[PDB]
Structures are given as structure tokens and as C-alpha cells.
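# Report on the structure
Listed below, chain by chain, are the residues.
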Amino acid sequence: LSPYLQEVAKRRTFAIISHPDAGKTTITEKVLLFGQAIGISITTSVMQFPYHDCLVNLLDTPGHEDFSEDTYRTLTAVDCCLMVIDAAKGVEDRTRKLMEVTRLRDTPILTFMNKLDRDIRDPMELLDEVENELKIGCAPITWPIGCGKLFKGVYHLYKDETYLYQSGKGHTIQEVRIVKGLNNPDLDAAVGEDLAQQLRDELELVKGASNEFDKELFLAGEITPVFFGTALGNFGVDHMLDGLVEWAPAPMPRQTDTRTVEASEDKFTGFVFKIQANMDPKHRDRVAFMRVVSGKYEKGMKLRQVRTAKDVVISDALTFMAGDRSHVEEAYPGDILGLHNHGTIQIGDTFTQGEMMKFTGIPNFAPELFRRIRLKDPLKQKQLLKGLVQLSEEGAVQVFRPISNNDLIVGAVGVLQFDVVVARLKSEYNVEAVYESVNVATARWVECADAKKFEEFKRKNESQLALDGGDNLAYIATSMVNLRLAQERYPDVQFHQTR
Amino acid sequence: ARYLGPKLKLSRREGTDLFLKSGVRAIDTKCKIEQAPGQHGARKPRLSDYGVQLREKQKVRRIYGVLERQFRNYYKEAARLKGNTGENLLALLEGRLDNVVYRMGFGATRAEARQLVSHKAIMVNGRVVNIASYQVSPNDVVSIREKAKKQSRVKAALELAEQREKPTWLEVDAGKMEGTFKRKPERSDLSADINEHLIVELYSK
Amino acid sequence: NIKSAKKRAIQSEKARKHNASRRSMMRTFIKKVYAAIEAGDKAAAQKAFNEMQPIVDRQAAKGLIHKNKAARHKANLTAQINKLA
Amino acid sequence: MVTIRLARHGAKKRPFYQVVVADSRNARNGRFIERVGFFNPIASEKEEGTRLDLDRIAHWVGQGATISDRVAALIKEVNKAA
RNA sequence: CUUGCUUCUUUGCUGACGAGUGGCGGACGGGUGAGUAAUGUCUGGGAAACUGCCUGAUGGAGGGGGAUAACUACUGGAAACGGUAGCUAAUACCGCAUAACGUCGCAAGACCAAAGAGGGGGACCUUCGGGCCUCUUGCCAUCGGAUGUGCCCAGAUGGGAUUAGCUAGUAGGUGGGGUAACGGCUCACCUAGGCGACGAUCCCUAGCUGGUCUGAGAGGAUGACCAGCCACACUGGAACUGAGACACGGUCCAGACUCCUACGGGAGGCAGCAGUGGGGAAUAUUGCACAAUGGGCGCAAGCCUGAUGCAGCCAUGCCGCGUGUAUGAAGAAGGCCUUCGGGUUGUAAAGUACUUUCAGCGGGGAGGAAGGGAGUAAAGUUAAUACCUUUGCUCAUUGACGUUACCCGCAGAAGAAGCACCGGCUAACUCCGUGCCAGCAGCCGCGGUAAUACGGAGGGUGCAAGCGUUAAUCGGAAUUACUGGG
Ligand SMILES: Nc1nc2c(ncn2[C@@H]2O[C@H](COP(=O)(O)OP(=O)(O)CP(=O)(O)O)[C@@H](O)[C@H]2O)c(=O)[nH]1
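What the entry reports as its method is cryo-EM, with 4.4 Å given for the resolution.

Below, the structure written as C-alpha cells:
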């Protein structure tokens, strides 16, 4: 009964994934209220928390199809899963892609139906849509009142608690009085008799057409529980905290090449997930989000870079207290740090204290080559010859340099390159580079062959090479026929994707 | 550092035998000496004063294997000594370790002697020296360590030492390969042909 | 600036009244003798000099005066009071 | 306050100290009154390892110089009966 | 409840220790040359001086009092940050006694100070708070020594005469005040002086020097790194504490710029180490440790040290090593030239025999380490074999560099060569392609259909992990001539 493992059990992970326009930002802003801490969606934010019972971390992500290449590798970081589905949107291709992600690792999933101020369909129809278009069951607990603007209450079943709702509470934290009973006629007078009888008939349909809760099958995520309430009315997310305490388990072990490393061992396993597109007040530091679930921190600990095999002393470790990058602080294991890296560590570089093995991560994809950099106002190119190389290590942006020293290609795996265009208006970013249409086709398949054999490959077509982010040379990708000639050229390679 | 190239073309360029390709074999006559430095060897040059000074400098440098900056340092060390500069410069060139190993007969050529010094074989006063720029002090004893002694490469190349002049200012034992260094060489003893005066007139400006 | 050794500041505040107050009363006694120089009474001048001498030597003892300022005061003030008498 | 102390001359990984009389508020390589003797910590057995003139040192002891620990160890190295 | 096994409230009674009073340090160490043409620096003297910490000598260290923080109760402010009413200690503060070669004064005479703590104990004495004996350390006053700082004078330390007059506290004197101290340093009175063509006043520029580079020397530019001094700490001004600041990480006021506010008011000054924006052609890591030196405090152990000792990056500069050595003609293939005979690349490459310097890997492994801690013995000290100082002697030991320098073994020539020039100056020649077009060039200069000068191929020369170009200084330049011109 050592307190080390007892507060390992008090560290839990819920990141947040949803549909576009679902309400990630509002619900994270309002969970900032619930712990006494306080285009669309271009950031990632971590909220550790000043919470009372446990210390459950958050990890935001941009939700789109062209976005969310962050969450393919940071849903591997997070043990659990929060889903947010709107009724006007429903189960769409975003949700099917997210469930294709989450079924590979069997994450426990608690869903949260948002936007209870708007118009919402029948609850049985929505649960049948979930159970049909996902083929994964569910067990509802509550259901609010009626339709439209009539949603003014919450009726628990496994807690037997009836709460009411007040309007206009988005700015301040207010409390609504509690009615205990279920068959209270005063509740029928305060709510409305016929609507409450319809709600009781729907709860009887829930009791006659659903199942109960599980604990061992909750870990696999077969019957995923749902939760109801709005994100603006300051009401429905206040009941989420008890479920976050009671349902989520200990942080699970993660797979290495040898075996799974549990949360009671040593040799801190914090490899880097994102190198995020940073805001730059005076410095970059790029970012280091980590997986330090295993092992309690030390202030003067000396990490070991496994892929370069070097003893690197890192004494500064930023904790994300309420979004602001706080002071030099050590913590309890199960948290995510932020360190100060200067062009040294890429995505997924592993860390131990001597176990020289690797994980099974990096689900990053191959890009789709959009246009160029042609440098309007051609004075002071060095802010993009440095600062976009700062972005070239990231999973979204990989800058391609041709030999002719002009026409530098911005790598995008998504479509919307407005992120970098907005990022070109910073303290060390002042060049515009307005876009047009220039055709470079297919992804530049990165390959660096073994010695004595790629030399003549460089020699025969020396005008057909291109430097990459990180001093790589793919081939050059103008068409599929050139890649067929490259495969005909037989480049025998110790292959590493870097993507 | 080292030239490591056509060590036979240099003797054709200077015309005189620079002793770079000495070897076990005798005077070769296998490269058409004195009549072909290169493609245009039939041309007779104007051969001015700066020309003969530079050819004399390059001749002495490719005899002794010293680069330009290092030979300018040897000239700076020659102009500061007593006597006259020209005797002191050739005494400093003879005071190199590889030249002493060459005069002992421990190696056929000068580059082979430099390689024998470099690969932990030549030892003076019980202290092994690998770099050939060691200034040999008077009254020293040079030898070869027991782990590198007589792996035949010193042996047959010692037979060439039976055909050389075997000068007075150093003595070899030739039974255990233990040389003995002595007083500094006189100007009228070392090779009797090279001209220090052109080197002094070149480095005087 | 934030410093652990800011105590030397406010303690010097604790100095800048008290020692100076002693300096204050010191010079007022000196000025009292100047009143006798404006009075012409040699007996009152001698009484004021005998009143100011041990206190100015005590102020010279406590590190405030380097016993050459107060020595100069005793010298020229003695010269004035025996030139008047 | 005067003191007799080492001055830390030499090159990197090649120390060569200078025992010297100087004020404590001056720099290590700074202004000094006069130098007396020297010490070489890498002076393993050869023709000379340590010179130390005890007359001027005794004169500065007669003036009130505070001897540091290394200079006192050198005084105990240069012994009157050894 | 395994009754001396464990649970546990009080308790400063100990080892020790947030905060508070107090002592010292913070005026050293570190950073920059903004300002400065003499208030600065260097050389050489001098008196009208101070000097904590270090140390020598001679004496004292006696007897008392009042406040206050911390701590309590209330209360203002969001915070920063206090106020009111009480309690208490000191090596904190203030009187009284007491003085001398100390201060004043010609003398007579007057006055001037403190602080006690820690270790051990025989007899006596214990209101059982302890006195008392001894040792160590601290305090006060003077005379000194050294150090450092303050002050004065002479010489030297850029340009401009298209800067020829400048000065009114100005020049000096008397008297008062002031400074650790002479001093128009500062005020009252008197005279009209003072500087200047041997450059006064004004403008621009600039930290000064030992030194660096070049030069035979004399000279010229520079003074970046090492070191001494001066000046500065966002700008200006001002004082207090303190021996030493009119103050980098102290205070206040006024101004500029960022940030918080509950908007009443406050916080800040990287010309510190790191790191960032911008500038520019151009310059590094938000690293380890007090292991050693030095500085601060403490008796000591111990604490801090972005100085330092290092580690990482940059061929920025110097130096060394290697990228193989010996042998090897069919004088092979390919390229270039040709009078198409042949020559050149070329012992170069292939082949064969050895070796592995340096990198890769696996093992030993110094030195920078002196000290400090515990125990024992001896000599001092003292009543004391107790405490304390010193010296031998026994034990456990103190490394960031560090996967150290260095040594041994494994494997395989295996992983390691570029850059400039080729008309003369100045080292090296041809062919092909344009054709006064493209172009090269440091100067003579070439290219107008046979280019040793442009571009390409071959070959050679020079330097070498560097090579060319650009920028600056000196020499050549006796073309700034003082050496040394007309
Ligand atoms: N009335 C009401 N509006 C809501 C609620 N939740 C979200 N919204 C609205 O829906 C929109 C969702 O905004 P946002 O929080 O940025 O969505 P998002 O989930 O972060 C988008 P993305 O998935 O890309 O990260 C906003 O206009 C917000 O006001 C809710 O509970 N009630």
C-alpha cells in the first residue's frame, strides 16, 4: 500500500475526439470551471488539472478530415476515449474513421451527446443509429425533457437523482436544487405532467430494450455508455466528473518490441508524440509531449536518447497547469510534459534508462503535394529558410527543397494549407507567399539506399534530386511512370519511412 | 601532408636523382630521365634567376619531403642560429628523424622510412616517436622495438645500406639494428651537390 | 528587486533617523555656542562649550565623527571663545 | 588583506601554478606585489620540480600574510630539516 | 495486545532548523566600452590622509537601564504589503564609573569605550539559575607594518585655424563652513587678474596602456582574446547604510517601454551566464559540478559560487596523422592528341604479398587528489593522564570531465581528397564549340570563323582537410623622404 501506486491510480487520460462543429472547445473551457482552474480548431492543448479527487489529464486535437493527423498517434497515448456526437450531424464518416482508429486498441469509450439547446431527434432513433452504423451497443442512463427548448432536467437510473436546469448560466457557476424521488407529483407539477409521463414511458422502454452496465467488458469497449447534457448551459458536464472518477481504470501498459511495460516499473517511457505548430512569444522549444505513465519524475534526472544512444541531461520540464506553461515542476507518473528541444528529437523517438528497444507507434501517413513557396516581398528569406524548417519536422508539414534554390514545396498531408499561411504572420514570420495552381503529383516516396550503390543513382540523374526536411532525398515525384522507372532502377535499401 | 603520388615524375622534373625511387634495385633508367619531365619535355626553358631559385627550392623540398610552410619554419629556425644560415638549414634538414632513419639504412626509400617511423617501430632513447618532424638532439641512440624488429622489411632494405656511402656522423650496429647519433654534419659531407645559396636568396625577399 | 538580503535596506532606515538625530542634536549644541558668539557673553560661551564638549566627543566615539571634524570644531571654537574673552 | 596563494597559469589540462603574494580582493591572474617561487603539479621526477625562496616568504610572514592551504602544504614540502 | 511488541497526546529537554533580530559579505568575483581629449591612462616624484577583514606590542573588558521584531487579539488590501494594543532576548540600542604616549589647548586643565560566547573539570560553594579553575574565540582604545583607496605636480598620450580669442567662482588673497585630507570644495569682503600661436575656447572622432600584426631598423595601423586602471549598469538626478558605493542582481523621485489588477494600486530592468525578436555577410548550449583553485560566512564540519574546471557546436586560426605500402606490362580497357608511325593518362588501374596509424567494437586503466572525518600514540597547555593546538600513525574514503589520456585484442585496404591556376607578371599545354556575340580579367588586356587568355575534354603545376574570392594593416612605397625626395 505504497502511496506511489495509489497516486498512479489517481492519474487517468481522456483526450477528446468528435465530429467537426461538435463542441470540444466549449466543453474543455467548462471543465476548466469544474476544477477551479479558471477557421476553427487549430491548436492542441493539455489541461493537467487542479481537480479534487484525482488528476485526470486532457489532450485536445483539431477535428477534421484534413486535420486530425495528431489524433492518430495521440489516441495511442490516451487510454480512454470521449465521443461527442450532435443530433443534427449524427454518425458520419468522421465518427466511422474515429471508431476505425479506436477499435484497433480497444479503448473504453464514454460518449456525450452535445447541443441540448437545439432541436434533437428521438433518443431511441439515435441509439439505433449508433448501434447500427457502428455495430457497437450502448447502455443509456438518463434522458432529458421533450424536444426543442424543453430540455430542463436529468433523470438518473443507477443513481436515482432528478436534477433541473436554469437558463443563462454560461458565465457563472450556479447550482439548481435537488429533488430525490422518481414518482414525485411535485416533480410532475414543476416539469409538466404529460411530458413527464412520456419520459417515464421512455425510461420503461430503456429498461425493456437495453442492457445493464459492465466492468470487465467496459475495458474492451463493447457496450459503451452514453451521457446527456449541453455544453453551454453549465449543467450536463457537471455530472461527467463522477463518471471520470468511477469508470476509468489505471493507465494500461503499452506494447514494446519485447513486451508490455506496466505502470509500476522504472526507466521512463516518455517518447515524443507531436512537435506541434507552436506559438512563438520569444522562443520555439518546438514541444515535447510524453508518455511518462511509468516512473515518478526526478528534478535532476538524466534521460537517454535511444535512437541516437546518448546520455542527455534534461532538468527543465514544463507542466501544463490550466493551459499556461508553468514553472519547473515534477509530478506523479501518468502525466504529459513539455520540454525544450532545438532540432534534435523527431516524432516517436524512444526513451528509457538502458532498455534499447522501440515501441509500435508512428501511424503517420504519406502527403499530398500541394503547390509551392514563391516568396512575395523577396527580402529576408531567412525567416522561411529557418522557420519553415522548424515546421518541417512536424507530422503535417515536411518542406521539400529542390536543387534550383527556388520553388520550395510545402508538404501537406491534408488539403487546408491555410494553417501555415496564418502561421506566416508571427514574430519571426513575415513573408506572405499567396497560392496558385502548380502541378506536382504524388507524395515524394522517401528512400535512402545503402552505401556504394546510391552514388551512381545520384550520378545518372543529378538534375532530378530534391533535398527534404531533415536532409533526405526521395526521388522526385512528378508522375507514377517515374516511380515505376525508379522501381525498375532497383534501389536496394535499409528502408525507413520517416512518415 | 604527404605527396603520395608520382614520386618518379619528380626526379624527371628536376632532372637530378631525388632518391625518391631508390628501392632494392639500382639506377633504373626506366623513365627516360633528363629528357622527359612531361608532355613538353623537349622544350628548353629560358630558365631565369627566380626560375633556378624555385627549381632549387623544389628540388631540396622533394629530396627532404618537407612542405612549403614547414620549410619556411625551418628557414626561420635556420636564420636564428649561429654560424651562417645555409649550413644551419641543411643541419636542421638532416636533424629530422626520418632522414636519420634513412641514413641508417632502415628502409629503402624515404617514404618507407617515414612509414617505418609512423607505425610505432622507431624508438629513440627508449621513447617511441611516430612523427618525422622530431629534432634529433646530438648524442642519442635510435633503434627498433622488439615487437616490430626484423619482419624482413628492415632486412633486405639494409642491404642497400651496404651500397651507400655510409657517412661519418652516424654509426649503425647492424647486428641488433641499434643506431648511434653523433656530432652535427659538416657542409662538405652531405651530398656535395645541392645549393643552399639559391634557397637563401629566395627566402631573403 | 527581490533579494533575501533586503534587511540591510530597512535597517539603514532604522539608522537614518536615529544616528542622524544624534547628529542633529550635536550640531544644535554647536549652534547654541554660536548664539553666544552673537551674544558677547564669555561666561555663557564657556558654559556652552563645557556643555557641548563631552557630547561631541561621544559622537566622535560612536563612529559618526572621525574625531577630526569634532577636533576642528573644538579647535576653532576654542579660538573664538578665547579671542572673545 | 594580503595573502600568499596560487595563480593558476598554464594551458587546458596542463596546470602550472604561481605562488605569489597578492591582495585577496584582486583577481587570481590580476595585480600582485611581487612573485616568489613557483609550483608545477605535473612535475614528476626530473631536474627541477619546485623552487621556493623562503626568505621573502618569511619576510611576508613578518608582515602578516595569511598562508593558504596549498602554500602551507608547499612549506611542509620544503622542510627546514629535510 | 506477540505487556514492553506496536499505536499515540504533550514535551525545545537534544541533534538540528522555515521565518525574525543581529554580525559579516553584498564596494570582491562577472559583463560592456556608451560617455570621456583630460575630471581618463602611462612614466616619475610628493604629502596636507583613511584603511574592516591579516598581524606585532601595550592596557581594559566594571556596573545598569529602556524599547523592538519574531509571538499574540483585532483589523485594511485582490495581490504587493501593513496598522493598532501588549510580551521578551542578545555580540542590537543607550546612559553611569574609568582612563593613557588618544582629541583640543602654548601649557594648566576638560573630555573620550566595550561584549561576551563555546569545550572540559579537582577542592569549595550550590536560594541546586550556577559561581569558580583552565583553554579557544570575539570586543574596545592607541602606536605601528603591509595591502587597497582618496589627493597634488611635471612630461607624454588624434585630427581640423574653413575654430583666434576664451573665462565672471573666472585668476589670486583674507576670514567662516565642509571633506578620512591640501584644496573657490563651498559662502562674505578686496584687486583685476588667468589661459593662448611652444594651438587657449569650439567641432568631429576615440576608452587608455602593457601588448598584436608588419617592417633590417626607424616608423605605420591596431589594442579583439590575457592582464592593470578608468567609466557605465533602460535615461537623468539625489542621498542613507557601510572602513570602502554617491552603488549590475540596494533606496527614492521624474521620463520611456512590457505585464497584472478585484482597477484602489503595483512588478520589471540579461552592456551576467544560457537562450530569443530585430540588425547584419558574420558568431555557440536555455549542459554537468563545487572533483581542484579562488571569493563570501562559520572555530570546524558543512552551504553558495553561470568565476572557475570542464562537456556540446563552428575547419574560425595553428599543428599533427591518415585516406595504403612494396611489387606489378599486355606497356590491357576507356578518354585526349596525331604526320594516324605512335605518344599521353600510366606503376597509374586490374592481379599478388603484407600492414592497419586514425574511425567501429570488446576489456584493463593512470594523473589532475591536496585535503576533510573517525580512532590511537607522543609533545605543549593547565591542578588535571579531562578539553583544545600541532605531528607521526590505523581505517573508511572525496572525479563533472569519464563510454577519460594511454595500453591490449577482433575483423577487413576495409570508412576517409578535395580546391585554385595554366599569355606575361607567377608554377604549367594541346584539341573541340562559338565568333568584338556569349564572355574573362588584380595590371599589360583577349575574343572581328585556325582563342596556349571565353565555355567543355585531356594533361600538367601549386596547396592540402583545406583551397580560391572579397574586406582591412604593414612591407615592397625613399610614391610623405627624421633615417630617406625635390
Ligand atoms: N447552444 C449550444 N451551442 C453549442 C453547444 N456546444 C457547442 N455549441 C456551439 O457549436 C459550435 C461548436 O464550437 P466549437 O466548440 O469550436 O466546436 P469544436 O468541437 O471545438 C470543433 P472541432 O471538432 O473542429 O474541434 C459553436 O458555435 C458553439 O457555440 C451547446 O451545448 N449549446
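So, next bit.
## Digging into the overall build of chain A
Helix and strand counts for chain A come out as 13 helices and 19 strands. For chain A, whose C-alpha radius of gyration is 26 Å, the value lies close to the compact-globule estimate of 23 Å for 499 residues. The dimensions of chain A, computed from C-alpha atoms along their principal axes, are 90 × 55 × 45 Å.

## Focus on the protein's contact with RNA strand E
Taken together, the neighbourhood of RNA strand E is formed by 84 residues, with A:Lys282, B:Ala1, B:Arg114, C:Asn1 and D:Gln63 sitting nearest. Of all atoms in RNA strand E that approach within 4 Å of the protein, 85% are sugar or phosphate atoms. In this structure, C:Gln53 approaches RNA strand E through a side-chain N or O atom, which is 2.9 Å from a base nitrogen. Within the contact set of RNA strand E, a sugar or linking oxygen lies 3.3 Å away from a side-chain nitrogen or oxygen of D:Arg5. For the surface near RNA strand E, the element with the most residues is helix α1 (residues 7-37) of chain C, which contributes nine residues. Counted by class, the surface near RNA strand E contains 19 nonpolar, 28 polar and 37 charged residues.

## As for a nonpolar patch on the surface
Residue and element names in this part refer to chain D. There is a patch of nonpolar side chains on the surface, built from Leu54, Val61, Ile67, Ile75 and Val78 and spanning about 340 Å² of accessible area. The residue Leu54 is located in helix α1 (residues 54-61) in this model. Classification of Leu54 as partly exposed rests on a relative accessible area of 38%.

## What about the domain arrangement of chain B?
All names here are of chain B. For chain B, the domain assignment lists domain 1 (7-93 + 190-203) and domain 2 (94-181). Computed from C-alpha coordinates alone, the two centres of domain 1 and domain 2 are separated by 23 Å. Counting from both sides, the interface comprises 15 residues of domain 1 and, opposite them, 12 residues of domain 2. Roughly 1,200 Å² is buried in total at the junction of domain 1 and domain 2, and carbon and sulfur atoms are behind 46% of that figure. Our count for the contact surface shared by domain 1 and domain 2 stands at zero salt bridges. Across the domain 1-domain 2 interface, the total number found is eight residue pairs in polar contact. Going through the elements one at a time, α2 (49-64), α3 (68-79) and α4 (85-94) are the ones with two or more residues in the side of domain 1 that touches domain 2. The greatest single-element share of the side of domain 1 that touches domain 2, amounting to four residues, is contributed by α4. Here the side of domain 1 that touches domain 2 is composed, by residue class, of 12 nonpolar, three polar and no charged.

## Describing the arrangement of the chains
At no point do chain A and chain D touch; the closest pair of C-alpha atoms across them sits 24 Å apart. Spatially, chain C and chain D are disjoint, and the shortest separation between their C-alpha atoms is 22 Å.

## Focus on unusual backbone geometry
Backbone geometry places A:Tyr490, a non-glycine residue, at a positive phi of 50 degrees. Residue position: A:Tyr490 is located in the segment after α13 (480-488). For C:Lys67, which is not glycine, the phi dihedral falls at a positive 45 degrees. Relative to the helices and strands, C:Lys67 resides in the loop between α2 (42-61) and α3 (69-84).

## Comments concerning the packing of aromatic side chains
Per the stated rule, a full pass over the model turns up 14 aromatic pairs over all chains. Between A:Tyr165 and A:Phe235, the aromatic rings sit 5.8 Å apart at their centres with planes inclined by 55 degrees, giving tilted as the arrangement. Of the two residues, A:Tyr165 sits in the loop between β8 (162-164) and β9 (178-179) while A:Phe235 sits in the loop between β10 (223-228) and α9 (240-246), which places them 70 residues apart along the sequence. Overall, A:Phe235 belongs to the buried group, its relative accessible area being 12%. Ring centres of A:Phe218 and A:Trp247 lie 5.3 Å apart, and the angle between their planes is 50 degrees; on these two criteria the pair is classed as tilted. You can see A:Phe218 sitting in helix α8 (residues 216-220) and its partner A:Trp247 sitting in the loop between α9 and β11 (254-255), a full 29 residues away along the chain. An aromatic cluster of at least three residues, connected via ring pairs, comprises A:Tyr158, A:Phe213, A:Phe218 and A:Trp247. The residue whose ring lies beneath A:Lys296 is A:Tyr332, and the NZ or CZ to ring-centre distance is 3.6 Å. One residue, B:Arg164, lies across the ring of B:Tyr102, its end atom 4.0 Å from the ring centre.

## Details of the site of the ligand
All names here are of chain A. If you check the shell around the ligand, you find 19 residues, and the closest are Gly23, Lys24, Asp117, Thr230 and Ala231. Within the side chain of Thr26, an N or O atom sits 3.4 Å from an oxygen atom of the ligand. One of the side-chain nitrogen or oxygen atoms of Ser41 is found 2.9 Å away from an oxygen atom of the ligand. Alone, the ligand offers 660 Å² of accessible surface; in the complex the protein occludes 82% of this. At three residues, helix α2 (residues 24-31) tops the list of elements feeding residues into the shell around the ligand. Each residue belonging to the shell around the ligand can be placed in one class, and the counts come to five nonpolar, 10 polar and four charged.

## Topic: the domain arrangement of chain A
What the domain assignment reports for chain A is domain 1 (1-15 + 42-81 + 248-361), domain 2 (16-36 + 82-247) and domain 3 (362-499). The C-alpha-based centres of domain 2 of chain A and domain 3 of chain A are spaced at 46 Å.

## What about the packing of α2(C) against α3(C)?
The packing of two helices is summarised by the inter-axis angle and the distance between the axes. Residue and element names in this part refer to chain C. α3 packs onto α2 with a crossing angle of 170 degrees between their chain directions and a minimal axis gap of 10 Å. Between α2 and α3, the crossing angle belongs to the class labelled roughly antiparallel. Touching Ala45, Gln46, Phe49, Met52, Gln53, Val56, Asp57 and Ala60 of α2 are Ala70, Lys74, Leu77, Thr78 and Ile81, all from α3. Of the residues that constitute the contact of α2 with α3, the class distribution is eight nonpolar, three polar and two charged.

## Remarks on the pairing of strand β13 (residues 302-305) of chain A
All names here are of chain A. Here β13 shows a clear split, with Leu303 and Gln305 buried on one side and none of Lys302 and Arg304 buried on the other. Bridge analysis of β13 against strand β14 (residues 310-313) gives four bridges, and the strand direction is antiparallel. Residue pairing for β14: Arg304 is matched across the bridge by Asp311. Between the antiparallel neighbours β13 and β14 lie four residues, among them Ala309 with a positive phi of about 60 degrees. Taken together, the two bridges between β13 and strand β17 (residues 351-352) define a ladder with antiparallel strand orientation. The residue bridging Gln305 from the neighbouring strand is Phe351, located in β17.

What counts and how
Residues numbered from 1 in each chain as written, not as in the entry; some residues may be left out. Chains lettered and ligands numbered in written order. Part of a larger assembly, values for the part shown. Heavy atoms only, no water. Residues with missing side-chain atoms left out of burial classes, pairs and counts. Helix = DSSP H or I, 4+ residues; strand = E, 2+ residues; numbered from the N terminus. Rg over C-alpha atoms; globule rule 2.2 N^0.38 Å. Near = heavy atom within 4 Å. Polar contact = N/O pair within 3.5 Å; in protein donor to acceptor, adjacent residues only side chain to side chain. Nonpolar A, V, L, I, M, F, W, Y, C, P; charged D, E, K, R; others polar. Patch = residues over 30% accessible without salt bridge, like charges linked within 9 Å, V, L, I, M, F, W, Y side chains within 5 Å. Areas by Shrake-Rupley, 256 points an atom, 1.4 Å probe, with all protein chains shown as cover. Salt bridge = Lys/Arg side-chain N within 4 Å of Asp/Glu carboxyl O. Buried < 20%, exposed > 50% of the residue type's maximum accessible area, 1.4 Å probe, protein only. Domains from an automatic or database assignment. Contact = heavy atoms within 4.5 Å. Buried area = accessible area lost by both parts, 1.4 Å probe. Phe/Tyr/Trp six-rings, centres within 6.5 Å; stacked < 30°, edge-to-face > 60°. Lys NZ or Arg CZ within 6 Å of the ring centre and 35° of its normal. Axes fitted to C-alpha atoms, helices over the stretch in contact; angles between N-to-C directions. Parallel < 35°, antiparallel > 145°, perpendicular 65-115°, else oblique. Pairing = 2+ DSSP bridges.

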